[PDB]
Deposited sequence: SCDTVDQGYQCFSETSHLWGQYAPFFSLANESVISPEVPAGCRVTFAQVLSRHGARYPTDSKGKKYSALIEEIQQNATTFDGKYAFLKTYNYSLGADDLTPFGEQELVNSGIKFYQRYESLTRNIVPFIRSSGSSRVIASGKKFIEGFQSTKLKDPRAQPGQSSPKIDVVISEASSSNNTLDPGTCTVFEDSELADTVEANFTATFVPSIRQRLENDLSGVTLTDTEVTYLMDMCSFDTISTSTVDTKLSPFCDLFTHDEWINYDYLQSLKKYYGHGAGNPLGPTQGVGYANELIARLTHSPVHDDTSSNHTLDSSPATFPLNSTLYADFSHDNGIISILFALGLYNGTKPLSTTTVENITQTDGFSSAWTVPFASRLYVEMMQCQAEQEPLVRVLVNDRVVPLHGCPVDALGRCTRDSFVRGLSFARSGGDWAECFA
């Protein structure tokens, strides 16, 4: 009743919305200055959705650490009173790596919403779909298809006998694979430790106090700063693993969650966003593929794209009207920056928390929550002659940069494409090997 198709996850909002990329999707439609609705007198002529996979269990690697830390606390602590009582008998039973049942539901809902928003197109066009080769992503693609098709069957104006969508291309995640959705071939970038340095710097500003409180309340226990953040991570996973808030959430105050949320934004920003010298460069391949689709022209890219894969209509159609791509948070972050969407955002302070007003709408929770979605739509309106482009990120209309935006956040397709000079030139891909 609080996780809906339109609004997303609204349960425990004062806490759940502060989990960064471990936060379930929640609609930012009400936070948008510009109305998300398709303008009266306009008709959508192109729509592409780039979606992240749904909510998942911890990765096997982290699950080990979480489990170990909990058994260790259960052994070393002499007293478990008050809000720590649950810990005495907590039994770690989370799965690993896979999409959770809640995560599956998130994608089904996303499919329903995409179908309804673009009904005039979705009623008789089958979207061309691609997914990065990771089980949780592939499963997310399939759930989205379920939701999308289920809504189409109930539509009286839908075209009878049309085929169902399916995953047309699965891009390998092998280290030697050219994958525009989540590049792994930029050698120098892959070796970068910038995010680790930043994570260390910031946690130092607020975790130590928390650590002291926990060490003091659970006598016999010693914790490193990192382990405390594992306990905060558990609040998220232990809550959405299934109605009730995880007891792990109760161990931290609200201002600590504000800090945690900010820590997640830093990791993404300096790891794959503009904070990293080669961050935005990871998204140019995808951006050039987008330019190809908007203009119905072959791809001109020499970065992350697979030349063979993009040379043929079978694996890269230029005239489908609807497209859907499924990926990871990291690739999406880089793509968002390569599209120039956060050009009005100054480098995030590494010592002090900055609110969403200061960061001009950027945060991990606002850009890459679980099941996040980015829509790129093109429309033709009565007054204008050229088609207009608009981008919504998790339902917030994000004003475009590099082109003359109108009152509704749109740019003509041509000036928009013209504005992506960084991507069209190949970003700083050269720096990947030198």
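- Numbered from the first deposited residue, the sole unresolved range runs 243 to 246.
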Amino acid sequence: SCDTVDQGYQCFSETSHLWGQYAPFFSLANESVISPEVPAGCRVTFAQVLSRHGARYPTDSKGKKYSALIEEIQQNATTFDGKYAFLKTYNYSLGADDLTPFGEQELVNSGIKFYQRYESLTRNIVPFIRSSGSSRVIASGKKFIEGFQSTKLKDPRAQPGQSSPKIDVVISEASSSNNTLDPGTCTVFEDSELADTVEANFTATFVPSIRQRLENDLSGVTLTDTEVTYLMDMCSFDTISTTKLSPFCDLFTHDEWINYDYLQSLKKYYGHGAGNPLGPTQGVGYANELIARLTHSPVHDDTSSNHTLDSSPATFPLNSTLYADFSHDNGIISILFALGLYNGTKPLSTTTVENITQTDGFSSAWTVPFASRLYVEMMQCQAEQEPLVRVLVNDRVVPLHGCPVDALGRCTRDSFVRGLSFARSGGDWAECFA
From here on, numbers count along this sequence of modelled residues.
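- In this crystal structure, the stretch out of 353 to 361 and 287 to 295 whose C-alpha atoms carry the higher mean B factor is 353 to 361.
- The question of which stretch, 29 to 37 or 404 to 412, has the higher mean Cα B factor is settled in favour of 29 to 37.
- Reading the B-factor column for the CA atoms of 339, 145, 181, 77 in the entry, the top value corresponds to 77.
- Looking at 149, 105, 159, 122, the one whose CA carries the top B-factor in the deposited record is 159.
- Ranked by C-alpha B-factor against the other modelled residues of its chain, residue 344 falls in the highest third.
- Residue 82: CA B factor lies in the highest third for its chain, per the PDB record.
- Per the PDB record, residue ranking by Cα B-factor puts residue 71 in the highest third of the chain.
- Sort the modelled residues of the chain by CA B factor and residue 301 lands in the middle third.
- In the deposited entry, the Cα temperature factor of residue 373 places it in the lowest third of its chain's modelled residues.
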